[PDB]
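Residue numbers (the authors' numbering): 1 to 60, 76 to 377, 406 to 566, 579 to 626, 676 to 718. Ideal Cβ positions, reconstructed from N, Cα and C, are used throughout, including at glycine.
Structure, rendered in structure tokens:
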């Protein structure tokens, strides 16, 4: 009435299936019963369609509805009440043991039916036989047994069954499956009759009860593989939810109900091979819900639910893929993963100012908001962003949308930086530079480059630091000149061991990081100019390579080395006296330079723009 219709998150996320249960038993009877139990699980072994959909639980102002009034009654409707109960003993004709088992089985099934009457589950009686098969029509004592047991508890003869050995037990377990299915379905149809005869009446326009009735009958139809009546009922329940215009800040219960039935309807669509329907539903719903909230909006609201909603819908997509629905994938494989990811980022941000407002001051219900603040503080982990982008990246790779994998990987790296775990971030950036450099998009390339330098300096990975710095040098004309100069001087500093000057930009811990390093770390665009390739019998070659500098700020002129190329035999412009080659070797000789060995100001470039052949 005033309480919530249903409060179960992730209700029956698993495929709803028929559920038959029966009384708990000791280890030795179940030890004889083993072969029967793995005969049951052979359906799990066999293909799912060959598997009977049933499952095994193995237990030990109008007036409100029965069994429907509560969400806990509802959860009971899930599993707590199997639609079939079967009492297990062995059927064994005997002399005195026969009578003893008669008396005891009669009494126990008597209590069992005393339990089962109100819950209306019918109690079918199936008994094991290890003895030789009985020819029907031969034993009149079997007839007396049937009479006595049937009159013991009112369970009819047809309900009674016999459990033979495996070669027959297989087919008879299967026909048992069929009978259990039939009587469960009869139960479910009856229970739906209950629902409908309740539905005819109304509690003077509450319609929450109506939603409960549709949702219960959704259980029923989903359960019975109808897949249709339930989804119609879900549609109608959601509609009547809508006609309930929001009274007040209690939009959250509405949104939760919406998400529940929304999952239900979408997945039921996916069961029915109606992807377009599902897509339109989920969009319609999510922007409806975006428009839903106006206030409070404690920034818990609209963020967590929306992210979870996208999450669930991508999960439904994956369910569809498991089914085999590629119509939705060929358009876009991992649609809502990274929308959910951006929503959880927004959620962390919202948490930031939620904190901030909590520092403002903190007479009714306010303590609840306080525990809310604390609980979302628990949520400040935001590794969920990482997981969501992980799934998004995988799914994007599934259909070759590499642009977005790169974008979401940079998002991963930047949140790693917010995570502080700059190491993984620099690993990502290290992988991500080459693709952009090939891509030539000169805007983005420097934009990621400055961040990559930031990661290198914080990490103290001086090798990557210098490499990305020198590639920035090669074409740094987009940025300001003095910054180029500072980069270069920091580079020389670190080649000869001096820490970089942005000391306030650095922290003592990172100081330790890169003071520690360089123990293993060892060893502007210009051109190689060879005057004479394909050497003849006698010649000489001097400094003809021309070291053009694209950077404005000059490279300091101290030294340089060129390593004599092994091709064949092992051996503002600045033109100088270096002039290595002055000797004679064998003819038909060519040359090719690995790296600059740039000892002008720096020791060496460590980045391969020392072209071999232009």
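- Using a Cβ-Cβ distance cut-off of 8 Å, the stretch 190-201 and the stretch 136-147 are in contact, since at least three pairs of beta carbons, one from each stretch, lie closer than that value.
- Your pair residue 419 and residue 452 does not check out as a contact, with CB atoms roughly 27 Å apart and the cut at 8 Å.
- In chain order, 233 and 249 place their CB closer than 7 Å to the CB of residue 279, counting only its own chain and leaving out the 5 sequence neighbours on each side.
- When C-beta atoms of the stretch 595-613 are compared with those of the stretch 514-524, three or more pairs fall below 8 Å, so the two segments count as touching.
- Residue burial annotation: residue 320 is buried, with at least 16 other C-beta atoms found within 10 angstroms of its C-beta.
- Comparing C-alpha distances from residue 539 to each of 593, 557, 372 and 547 shows the shortest one belongs to 557.
- Per DSSP, residue 505 lies in no beta strand (DSSP E) segment; the continuous alpha helix (DSSP H) that holds it begins and ends at 505-517.
- In the DSSP assignment, the residues bridged to residue 55 are 19.
- Scanning its chain for C-beta atoms nearer than 6 Å, with the 5 sequence neighbours on each side dropped, one finds around residue 104 the residues 120 and 142, in chain order.
- In this structure, DSSP gives residue 83 a state outside helix and strand, which the three-state scheme calls coil.
- In this structure, the CA atom of residue 704 is about 38 Å from the CA atom of residue 458.
- Counting every other CB atom within 10 Å of its CB across the protein chains shown gives residue 507 a total of 16 or more, marking it as buried.
- DSSP, read as helix, strand or coil, puts residue 137 in strand.
- When the beta-carbon positions are compared, residue 283 and residue 353 stay at least 9 Å from each other.
- Setting aside the 5 residues that flank it on each side, residue 271 has no residue in the same chain whose C-beta is closer than 6 Å to its C-beta.
- Around the beta carbon of residue 78, a 10 Å sphere encloses fewer than 16 other beta carbons of the protein chains shown; the residue is thus reported as exposed.
- Put simply, the stretch 44-54 does not touch the stretch 206-225. Fewer than three CB pairs are less than 8 Å apart.
- In the three-state reduction of the DSSP assignment, residue 13 falls in the coil class, being assigned neither a helical nor a strand state.
- Non-local C-beta neighbours of residue 8 in its own chain, meaning closer than 7 Å and more than five positions away in sequence, comprise 86 and 90, ordered along the chain.
- The beta-carbon distance between residue 318 and residue 355, rounded to whole angstroms, is 10 Å. This is too long to meet the 8 Å contact definition.
- Under DSSP, residue 601 shares a beta bridge with 582.
- For the pair of segments examined, the stretch 461-470 was found to touch the stretch 486-506: the number of CB pairs separated by less than 8 Å reaches three.
- When secondary structure is reduced to three states using DSSP, residue 118 falls in the helix class.
- Here the C-alpha atom of residue 493 lies approximately 14 Å from the C-alpha atom of residue 480.
- A residue is called buried once 16 or more other Cβ atoms fall within 10 Å of its Cβ, and residue 555, having fewer, is exposed.
- Straight-line spacing of the CA atoms in residue 686 and residue 455 works out to 55 Å.
- Just so you know, the alpha carbons of residue 712 and residue 417 end up roughly 52 Å apart.
- The straight-line gap separating the alpha-carbon atoms of residue 17 and residue 409 is approximately 43 Å.
- Counting only the Cα atoms, residue 427 lies some 14 Å from residue 364.
- Taking a cut-off of 8 Å on C-beta distances, the stretch 17-34 touches the stretch 94-112, as three or more cross pairs fall below it.
- It is roughly 13 Å from the alpha-carbon of residue 189 to the alpha-carbon of residue 55.
- Taking 8 Å as the upper bound for CB-CB distance, residue 683 and residue 696 are not in contact here, some 19 Å apart.
- Short of 7 Å from the beta carbon of residue 316, and not among the five residues preceding or following it, lie these beta carbons of its own chain, in chain order: 267 and 308.
- For residue 105, the beta-bridge partners assigned by DSSP are 143.
- Using a Cβ distance threshold of 9 Å, residue 275 and residue 2 do not count as a contacting pair.
- DSSP assignment within the stretch 283-333 yields no whole beta strand (DSSP E) run of 3 residues or more.
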